[PDB]
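So this one's two forms of a single chain, laid out as structure tokens and tagged structure 1 and structure 2.
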Structure 1
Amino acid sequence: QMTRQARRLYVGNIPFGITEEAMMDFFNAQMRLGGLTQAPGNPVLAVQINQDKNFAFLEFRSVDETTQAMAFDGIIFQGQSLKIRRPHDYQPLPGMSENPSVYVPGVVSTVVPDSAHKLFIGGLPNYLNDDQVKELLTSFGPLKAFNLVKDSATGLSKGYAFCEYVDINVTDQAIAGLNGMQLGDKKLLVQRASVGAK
């Protein structure tokens, strides 16, 4: 029922080759070391992986730990920013928590809402993983949100990404510092994402 979808999360952008055991061990350890659990023991009960679409559903033992796990949206796992989302069929019942109450230091959200400070970064080498692209962008300070767009068929980046800095006032310096930058065989395009949005 609805309680059960209130204990499940979509986890996108899972690395190639990840087993159920590896995902379980990662999420259980990180939730406990991050203080996101509410009771003794492991909070994740099951993982179902779809290797063809690089997503998993995790099932948790409680509604509140499911909600807290949303604070791991963007956590890096084997170089890739995991996308943590509510199931499409999820609807909170009255009294059910909806938003995580904790911020996990170092975790950069994958949700980049349109805004005056949202950047588009194009022309990235397709072999750079999420962490490596973030590393480049953090030359100008910490990120508030970031997503690298992937190719479903090749299991690899499409060469473009979106981001926003914690300090919105560095946006034009980052454009100036990165736009036209020669990176491997390509030259970066960095501009506000509203310039070229379809």
Structure 2
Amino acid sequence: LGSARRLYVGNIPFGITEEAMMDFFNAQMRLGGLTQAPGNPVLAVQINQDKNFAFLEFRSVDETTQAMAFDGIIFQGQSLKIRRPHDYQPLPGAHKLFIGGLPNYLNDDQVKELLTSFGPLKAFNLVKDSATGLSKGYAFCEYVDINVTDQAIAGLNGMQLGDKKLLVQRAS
């Protein structure tokens, strides 16, 4: 959703205004060259004064990520604790893998079986030609435990299938 665009920042200075918070972060983002396009990343920032925390709202997912390098930064005597929201979890194509070099003959279930070995998948799609309808020789997938991704890359990449050499790498 939009949780990949918000950040929790705790241990905020007492009585700091929401605007002062915004100005500080947009400025840090600019001074570091961390923005992806022209204009300010931080759109808004809501403060829960008693609970001593604020949430930063960003315009983009990547900039939300980039700002995390500011964890611990000193601002008005307080060292800021920047964290992702609790409802947060990586977006659907976050660790999606590209698997090419597949023999044209294998079908979904067959291809999936070769991947499933390293663990259960959360998403998968084998590209088939519009008219023809058979495999185009490559597919995309993604495991549930996003940590098994690298283990799967190592094990599957380069593997010999038919007269083809498999190619596995993150699709992004």
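Residues that one form lacks are left out of the comparison. By rigid core we mean the largest C-alpha set that fits within 1.5 Å across both forms. Structure 1's sequence is the ruler for residue numbers, which start at 1.
- After superposition on the rigid core, the Cα of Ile49 moves by less than 2 Å between structure 1 and structure 2.
- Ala22 is not among the residues whose C-alpha shifts by 2 Å or more between structure 1 and structure 2 once the rigid core is aligned; its shift stays under 2 Å.
- Put the two forms on the same core and the Cα of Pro125 is off by 2 Å or more between structure 1 and structure 2.
- Here the rigid core is superposed, and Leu36 then shows its C-alpha moved by 1.0 angstrom between structure 1 and structure 2.
- For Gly177, the displacement of the CA atom between structure 1 and structure 2, after superposition on the rigid core, amounts to 49.5 Å.
- The shift recorded for the CA atom of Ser81 between structure 1 and structure 2 is 0.6 Å, with superposition on the rigid core.
- After superposition on the rigid core, the sole stretch of at least three consecutive residues with Cα shifts of 2 Å or more between structure 1 and structure 2 is 116-194.
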